[PDB]
Amino acid sequence: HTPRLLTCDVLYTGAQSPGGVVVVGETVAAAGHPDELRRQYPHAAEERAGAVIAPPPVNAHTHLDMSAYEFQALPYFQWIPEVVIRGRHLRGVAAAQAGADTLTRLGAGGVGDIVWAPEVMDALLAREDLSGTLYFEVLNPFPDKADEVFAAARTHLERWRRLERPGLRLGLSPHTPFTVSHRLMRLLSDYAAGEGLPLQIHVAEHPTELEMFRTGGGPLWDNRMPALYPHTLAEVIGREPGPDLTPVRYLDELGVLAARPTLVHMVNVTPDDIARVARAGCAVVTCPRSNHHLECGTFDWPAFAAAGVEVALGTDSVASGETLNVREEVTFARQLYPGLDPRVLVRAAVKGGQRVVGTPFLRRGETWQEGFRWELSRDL
Ligand SMILES: [Zn+2]
């Protein structure tokens with residue numbers, strides 16, 4: 001027949017750069033380094049196929065439905081009006097179903113979705129086109145309410161666990177280290193660890209979070225809505241904030257990292273925090289655009305990579321992440337980390353995410369799919 005050599009900047013079948021794929025008809029003949037290919041197929045016509053050739057990326061963290069409650073609980077979300085405004089429509093089943101539709105049109109790559117409304121979980125759990133993990137979000141900073149909140153959450157979880165099918169599993173998501181009491185956090189992590197339920201916790205997203213764990217105050221805590229929290233952060237976390245404390249150290253000493261939960265954002269951490277995460281074997285999900293729009297600072301990917309921590313990519317909800325298309329986060333991340341090997345970004349988008357949410361192979365014999373050529377991606 002007639003082989004075609006499609007070349008790209010980064011290929012992921014470990015990622016390779018430069019990259020290339022020889023296609024014969026609609027079948028992959030070979031995939032690897034391009035020079036190897038031009039030498040193996042001298043008569044093959046070449047085609048510049050764009051920057052990336054790889055399976056559709058996994059959106060390891062997003063919210064297809066949210067609550068005014070979680071917006072109200074986080075002061076820094078309010079400081080960026082556009083985010084609150086954009087987030088208002090992200091309520092209920094209809095909006096969630098439309099989001100899932102978008103994910104499917106984008107390549108049907110896996111997804112790590114945080115769910116708020118029980119009715120949304122009912123609907124998404126029944127989506128035969130989705131794959132990944134649906135994490136039920138739990139939020140309550142009052143120690144005295146921990147037992148009852150846990151019991152209510154467990155009931156829902158036990159019910160849904162029976163509806164769970166291969167490819168789309170149920171997960172749990174304690175909101176943050178400061179909107180969930182220390183008692184409820186441990187009840188949740190222990191339960192999930194024992195039942196084999198994946199976990200995702202938003203940690204150290206904004207710098208003001210690290211500040212209050214150190215001083216008990218600052219722009220976040222001092223500007224919260226009083227009725228939504230106990231009178232002191234100490235009451236929420238069960239210990240006094242201090243100079244040597246951080247939300248990560250808090251979770252580590254609380255014994256929550258023992259369950260190997262996936263930590264989201266993780267922008268404002270210290271070298272010691274990174275060491276604790278690496279030791280525990282926790283994976284982390286970074287949402288580039290979201291962090292930028294929420295003025296949270298920048299995730300230190302090179303530091304996490306050097307520590308050997310598994311990194312995945314997410315877009316976060318569209319309120320702060322713009323779109324549900326992770327291909328766009330890869331582009332953004334390339335700009336954020338000039339010294340970081342682009343191959344690391346692509347591998348993270350695909351393999352990293354798959355490992356977090358639970359990947360098509362691109363090799364000889366496999367059907368060549370246009371979905372592997374990112375430059376041709378359509379969200380409609
Ligand atoms: Zn989130």
Side-chain angles (χ1 to χ4, degrees), residues 58-80 82-84 86-91 95-96 99-100 102-103 110-117 120-121 124 132-141 170-180 185 188 192 198-209 220 247-248 251 256 261-269 282-299 311-326 328-329 332 352-353 356-357:
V58 169
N59 190 334
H61 185 83
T62 186
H63 293 243
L64 298 189
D65 86 288
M66 298 182 77
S67 174
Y69 297 124
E70 61 195 309
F71 274 93
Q72 291 186 290
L74 308 185
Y76 55 92
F77 264 65
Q78 303 302 309
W79 303 337
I80 310 295
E82 188 165 299
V83 173
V84 179
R86 291 176 61 87
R88 293 191 200 293
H89 77 285
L90 299 179
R91 308 272 187 283
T102 297
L103 289 171
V111 62
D113 182 51
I114 304 307
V115 181
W116 175 273
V120 164
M121 182 67 88
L124 300 183
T133 303
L134 303 179
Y135 306 88
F136 187 46
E137 200 171 64
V138 178
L139 189 176
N140 190 302
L170 176 65
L172 193 55
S173 176
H175 192 224
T176 69
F178 59 91
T179 55
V180 177
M185 182 67 81
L188 296 170
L199 287 163
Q200 259 194 42
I201 308 172
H202 301 91
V203 182
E205 179 177 22
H206 196 272
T208 49
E209 179 185 326
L220 194 173
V248 180
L251 292 175
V256 175
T262 292
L263 308 178
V264 186
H265 295 308
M266 295 288 280
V267 172
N268 301 277
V269 300
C282 293
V284 298
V285 181
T286 180
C287 304
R289 292 180 297 182
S290 180
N291 294 343
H292 171 63
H293 294 304
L294 283 166
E295 315 187 324
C296 297
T298 304
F299 173 69
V311 181
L313 282 162
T315 61
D316 209 347
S317 86
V318 295
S320 64
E322 290 182 48
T323 77
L324 297 176
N325 191 352
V326 169
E328 286 163 19
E329 297 297 344
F332 198 78
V356 169
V357 309

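Just so you know, ligand 1 is whichever comes first in the structure, and atom 1 is the first atom listed for that ligand. Values below: all heavy atoms of this structure, side chains included; hydrogens, waters and symmetry mates excluded. Index from 1, following the sequence.
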query = So, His61 versus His202: side-chain donor-acceptor pair below 3.5 Å or not?
reply = yes
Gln78 atom CD, neighbour heavy-atom count above 12 within 6.0 Å = yes
request  = Would you mind counting protein N, O or S atoms that sit less than 2.8 Å from the Zn ion (ligand 1)?
outcome  = 3
message = Please enumerate all residues that pass ring pair (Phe, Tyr, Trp, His ring centres under 6.0 Å) together with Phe71, with sequence neighbours excluded.
response = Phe77
query = Do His293 and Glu82 have a side chain donor and acceptor closer than 3.5 Å?
reply = no
task = For the residue pair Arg289 and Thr323, confirm or rule out a side-chain donor-acceptor distance under 3.5 Å.
result = yes
Verdict with supporting geometry, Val180 and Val138, side chain to side chain contact (heavy atoms under 4.5 Å, CB included) = CA-CA 8 Å; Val180 177; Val138 178; 5.5 Å; no
